[PDB]
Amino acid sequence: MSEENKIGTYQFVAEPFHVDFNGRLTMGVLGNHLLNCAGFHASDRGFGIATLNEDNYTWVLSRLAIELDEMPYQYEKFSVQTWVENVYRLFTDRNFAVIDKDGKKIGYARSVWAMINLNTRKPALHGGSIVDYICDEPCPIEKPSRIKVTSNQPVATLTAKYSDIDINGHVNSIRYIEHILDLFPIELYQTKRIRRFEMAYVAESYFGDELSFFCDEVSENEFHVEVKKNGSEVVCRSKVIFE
């Protein structure tokens, strides 16, 4: 199997309820597409959640970094390519390219997934098919790493609601993205765009939990965000770079 053959490619159109006030695809919706594509790619090749679950493992998303030159516009076609870059002992690195209507690469993403035993919730091989799909396609963006947040004064608070919760009873990955991006003043979105966005998923939140949001502005364009539940426990961290 060729290197090109290990890549999954998926076609989309930017719908009106999935774009912002500038008509560009929202980060939350892009994240949704990336994670669904990861799932299509894994499931079609027999190394997705369903297969893992039969042997008492599952996949958990640990880190996501998205870097963009531009975002698709309302009603434009776009596509996502995804592939497995590495399968390490404790984590798998899955990468993405986003392709605009003209076939130009307009962004990239890197995701880091843990495999955990479902009985013990403990972390984490080759009887499977995943190793066969390790692919050398380039993804020329910096790997996501630990995010530091110094502030201990919350800037906003929000209770987890029915619309936030997925089938496992927790606040879903994408809903955290939406809430974080709602922290920023509209003048920022009017004058700049997000060029890099990172999520670190630390712990779970449930319906009724009070989420508090803390933010360090490290430069004019770089913000580090920490979300905590019920005061003290970090549930996720984020880095947002505007330009």
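All residue numbers refer to positions in the sequence shown, first residue = 1.
Original post:
From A124 on to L125, does the model leave out none, 1 to 3, 4 to 9, or 10 or more residues of the deposited sequence?
Top reply: The entry leaves 4 to 9 residues without coordinates here.
Original post:
154-162 versus 125-133: which one carries the higher mean Cα B factor per the record?
Top reply: Mean B over CA atoms: larger for 125-133.
**OP:** Going by the average Cα B-factor in the PDB entry, point out whether 80-88 or 115-123 comes out higher.
**Re:** Comparing 80-88 with 115-123, the higher mean C-alpha B-factor belongs to 115-123.
Subject >> Modelled-residue ranking by C-alpha temperature factor, third containing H170 >> reply: For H170, whose C-alpha B-factor we compare with every modelled residue in the chain, the answer is the middle third.
**OP:** Please rank the C-alpha B-factors of the chain's modelled residues and tell me whether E220 sits in the lowest, middle or highest third.
**Re:** For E220, whose C-alpha B-factor we compare with every modelled residue in the chain, the answer is the highest third.
Subject >> Relative C-alpha B-factor of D209, binned into the chain's lowest, middle or highest third >> reply: Answer is middle: the recorded C-alpha B-factor places it there.
Original post:
Among the modelled residues of its chain, does the C-alpha B-factor of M1 lie in the lowest, middle or highest third?
Top reply: According to the entry, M1 has a C-alpha B-factor in the chain's highest third.
Subject >> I180 CA temperature factor, ranked by third within the chain >> reply: Middle third of the chain for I180's C-alpha B-factor.
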